[PDB]
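J.: In the deposited numbering, the protein residues as written are 258 to 406, 425 to 533.
Idealized CB from N, CA, C, for every residue including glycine.
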Ligand SMILES: *C(c1c(C#Cc2cc(NC(=O)c3cccc(C(F)(F)F)c3)ccc2C)c2cncnc2n1CCOC)[C@@H](C#N)C(=O)NC
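Right, dumping it as structure tokens:
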């Protein structure tokens with residue numbers, strides 16, 4: 258494999274997140290270039306299964322996807338991507354860093370995520386796990402799509436019958452629109468996973484947030500139609516939020532929170 262790397266090239270400087278899947282670290286590869294690294298706990302999971310993740314990352318390059326730099330096929334395993342300076346989007350929004358992110362900033366992010374997903378769309382691949390916990394931010398509020406390793428953020432047909440399409444990713448993206456607009460709170464407040472599947476299949480969807488323009492709530496409701504083929508594309512979503520403040524909501528003025 259030409260992606261492969263000799264083990265002596267990686268300083269694993271600082272630790273970041275642990276778990277039953279392994280762990281990930283901030284570090285320095287090749288002396289020069291700073292990088293993120295994901296390990297594997299040899300006891301908990303298998304090599305050929307955990308390495309099918311990298312397989313996918315190999316065949317995907319796009320400026321709004323996290324870039325796999327390198328791999329290490331022997332335990333302890335190391336999948337090695339670029340490093341993103343500002344951590345998870347979830348952490349960013351709840352964080353003091355995003356006490357002051359007004360709609361303008363938030364909608365641009367959604368546009369960059371969208372573009373990247375519109376790429377995934379173009380490549381006939383499927384994420385199965387789109388939510389602010391798997392979006393990374395870097396300098397200038399660049400956002401990128403990741404995948405580390425359930426039901427509020429995924430569409431019914433997927434949760435139930437396992438029909439995980441790109442249209443399951445559109446739904447969740449709609450739910451991600453609620454994270455960006457709430458400063459990274461959880462969806463379905465005072466609701467728990469089994470009460471969610473009822474209300475949703477019964478037809479319950481979330482209301483337009485405080486001070487979030489209804490244009491965005493309608494977009495979410497396009498994201499969350501039950502008939503999947505009549506949810507919109509990431510091609511359309513991208514162009515939509517790209518033009519949001521010129522074409523859809525140019526009246527817009529800020530306020531307390533958005
Ligand atoms: C730790 C972490 C990282 C990182 C990383 C990382 C991610 C991935 N996964 C992908 O990006 C991916 C896999 C499959 C498919 C796709 C698709 F299709 F969407 F493109 C993407 C593989 C390997 C690695 C190393 C990271 C990077 N920069 C800054 N901080 C980072 N952190 C810390 C997280 O914030 C606290 C992350 C992982 N992995 C983790 O374990 N979180 C708990």
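1. Taking only the alpha-carbon atoms, compute the straight-line gap between residue 403 and residue 380 and give it to the nearest angstrom.
2. Looking at the structure shown, is residue 372 part of a helix, part of a strand, or coil, going by DSSP?
3. Is residue 201 near ligand 1, judged by its Cβ being under 6 Å from some heavy atom?
4. Sorry if obvious, but does the Cβ on residue 336 come closer than 6 Å to a heavy atom of ligand 1?
5. Would you identify the three-state DSSP class for residue 480, choosing helix, strand or coil?
6. Measuring straight from C-alpha to C-alpha, what distance separates residue 399 and residue 322?
7. With a threshold of 6 Å, establish whether the CB of residue 340 neighbours any heavy atom of ligand 1.
8. I want to check one thing, is the minimum distance from the CB of residue 415 to the heavy atoms of ligand 1 below 6 Å?
9. Determine, using beta carbons only, whether residue 264 and residue 285 come nearer to each other than 7 Å.
10. Would you mind stating whether residue 497 and residue 372 have Cβ atoms separated by less than 7 Å?
11. Under a three-way DSSP split, which group does residue 511 fall into?
12. Helix, strand or coil for residue 358, going by three-state DSSP, please let me know.
13. Assuming the contact rule is C-beta atoms closer than 8 Å, residue 446 and residue 499 should be a hit. Round their C-beta distance to whole Å, please.
14. If you draw a straight line from the alpha carbon of residue 391 to that of residue 288, how long is it in whole angstroms?
T.: On the basis of the supplied data:
1. Translated into the one-based positions of the chain shown, residue 403 becomes position 146. Translated into the one-based positions of the chain shown, residue 380 becomes position 123. The straight-line gap from Cα to Cα measures roughly 16 Å.
2. Counted from its first residue, the chain shown places residue 372 at position 115. In the three-state reduction of the DSSP assignment, residue 372 falls in the helix class.
3. Nothing can be reported for residue 201: it is not among the residues displayed for the chain, which extend from 258 to 533.
4. Walking along the chain shown from the start, residue 336 turns up at place 79. Yes, since a heavy atom of ligand 1 falls inside the 6 Å radius drawn around the Cβ of residue 336.
5. Indexing the chain shown from 1 puts residue 480 at position 205. In this structure, residue 480 counts as coil in the three-state DSSP scheme.
6. The sequence position of residue 399 within the chain shown is 142, counting from 1. The sequence position of residue 322 within the chain shown is 65, counting from 1. A straight-line Cα-Cα distance of about 10 Å links residue 399 and residue 322.
7. Locating residue 340 in the chain shown gives position 83, counting from the first residue. Checking every heavy atom of ligand 1 against the Cβ of residue 340, one is found closer than 6 Å.
8. Here residue 415 is not present, the numbering of the chain passing from 406 to 425 in one jump.
9. Residue mapping note: residue 264 aligns to position 7 of the chain shown, counting from 1. Residue mapping note: residue 285 aligns to position 28 of the chain shown, counting from 1. Taking 7 Å as the cut-off, the Cβ atoms of residue 264 and residue 285 do not count as close.
10. Taking the chain shown and counting its residues from 1, the one referred to as residue 497 is at position 222. Taking the chain shown and counting its residues from 1, the one referred to as residue 372 is at position 115. Going by C-beta atoms, residue 497 is not nearer than 7 Å to residue 372.
11. On the chain shown, residue 511 is found 236 positions in, with the first residue counted as 1. Secondary structure of residue 511 (DSSP, three-state): helix.
12. Along the chain shown, read from residue 1 onward, the residue named residue 358 stands at position 101. In this structure, residue 358 counts as coil in the three-state DSSP scheme.
13. On the chain shown, position 171 is the one that residue 446 refers to. On the chain shown, position 224 is the one that residue 499 refers to. The Cβ separation is near 6 Å, so the contact holds.
14. Taking the first residue of the chain shown as position 1, residue 391 is located at position 134. Taking the first residue of the chain shown as position 1, residue 288 is located at position 31. Taking the straight line from one Cα to the other gives about 28 Å.
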